[PDB]
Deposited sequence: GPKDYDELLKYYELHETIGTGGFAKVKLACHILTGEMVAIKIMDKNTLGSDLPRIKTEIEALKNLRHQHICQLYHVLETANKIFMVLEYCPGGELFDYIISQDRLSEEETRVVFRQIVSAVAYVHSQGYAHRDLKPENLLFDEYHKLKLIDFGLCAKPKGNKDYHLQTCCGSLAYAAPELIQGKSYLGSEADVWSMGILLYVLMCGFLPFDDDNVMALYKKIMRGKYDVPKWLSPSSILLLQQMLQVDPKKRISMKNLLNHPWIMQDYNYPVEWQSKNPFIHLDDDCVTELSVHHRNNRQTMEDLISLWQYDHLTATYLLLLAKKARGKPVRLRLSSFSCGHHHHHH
């Protein structure tokens, strides 16, 4: 089962195991580290993986953890993704107790950027929480886990739980997230699942003394039980709180394109393929998420880190 995969990657330690597992690995042609999520097809739950793949094939963003390569044997599925060394936002909050307003703003703008983009493309994430945000090599946030996306109860909006409106529910989840960043605990919690549900429907929460009046006001706009009264994604982008100490709205548009190609990465792939430029371009622009896609995108990442755009051809 690991046979096709080992043509392309050096497998290292397994660094996470859940109900899928995650293996660290090196991509041989570029020497870049990657993180391969591995699913068994017999013990699976399945169309959750299919949703995620098709979402990550169509989404590409500076704050979305990038998919490079999809492989499938008769009993396994491999998703080769960006390696984020910094770990989960959840763990970071635990280590810090809570973030100050300033640092919360820094991280939160990155969350809003990703979710605004996901929404611009016609998806809702639907499982936004700090476990699904990872710090990359530059301590920048990356959104993961698009399995429940569409065209955790503590983070679910009241209307989503009542089963009735996807863009608004993400704003609620972001509101819960915002609270957890600045407080270190959830605004609605209970051991009993139905009592928690009840608390969420009421929409009443403790407001700690250390929150600034601006924070409080924004939380209140985000955590409106009625989604019609809830602040929209658009108005969140240039909200006074979000703008404080930046003075410009969240830059949400993608800087990682499908249409434009990097000339140096194309040149290097051309020599490997003994290809003409125009035909190497057409081949890359099919975006099949095969080894070409992976090698092209990992060369770009190499370039972005100030390393030479070079394949290791042995």
Return the ranges of the deposited sequence not covered by C-alpha coordinates, sorted by sequence position. 1 to 3, 23, 49 to 50, 158 to 171, 185 to 186, 337 to 347
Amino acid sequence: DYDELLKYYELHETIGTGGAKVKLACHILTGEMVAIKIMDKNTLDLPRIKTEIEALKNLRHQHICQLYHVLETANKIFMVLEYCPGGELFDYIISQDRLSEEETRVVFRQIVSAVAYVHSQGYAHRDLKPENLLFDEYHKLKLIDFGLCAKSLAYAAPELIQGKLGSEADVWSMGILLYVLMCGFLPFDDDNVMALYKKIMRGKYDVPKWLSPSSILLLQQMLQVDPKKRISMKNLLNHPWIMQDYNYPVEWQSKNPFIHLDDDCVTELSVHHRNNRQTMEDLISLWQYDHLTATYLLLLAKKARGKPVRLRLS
From here on, numbers count along this sequence of modelled residues.
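Basically, rigid core = biggest C-alpha set you can superpose within 1.5 Å across the two forms.
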With the rigid core held as the alignment frame, decide whether 9 to 17 or 296 to 304 lies farther from the shown form in 6 other deposited structures of this protein, in terms of RMS C-alpha distance. 9 to 17
Which stretch is more displaced from the shown form in 6 other deposited structures of this protein, 67 to 75 or 80 to 88, with RMS over structures and residues of Cα positions after a rigid core fit? 67 to 75
Quick test of your reading: does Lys164 have no coordinates in a third or more of the other entries compared? yes
Say whether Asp45, which has coordinates in the shown structure, is without coordinates in a third or more of the other compared entries. yes
Between 73 to 81 and 190 to 198, name whichever shows the higher mean Cα B factor according to the PDB entry. 73 to 81
Higher mean Cα B-factor in the deposited model: 132 to 140 or 177 to 185? 132 to 140
For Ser152, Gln224, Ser120, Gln110, the deposited C-alpha B-factor is largest at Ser152
Between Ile38, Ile64, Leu269, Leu286, which one tops the list for C-alpha B-factor in the PDB entry? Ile38
In terms of the CA temperature factor given in the entry, to which third of its chain does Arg48 belong: lowest, middle or highest? highest
Ranked by Cα temperature factor within the chain, is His27 in the lowest third, the middle third or the highest third? middle
Check where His291 lands among this chain's C-alpha B-factors and tell me if it's the lowest, middle or highest third. lowest
With respect to C-alpha B-factor, does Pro240 fall in the lowest, middle or highest third of the chain as deposited? lowest
Grab the CA temperature factor for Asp170 from the record and place it in the lowest, middle or highest third of its chain. lowest
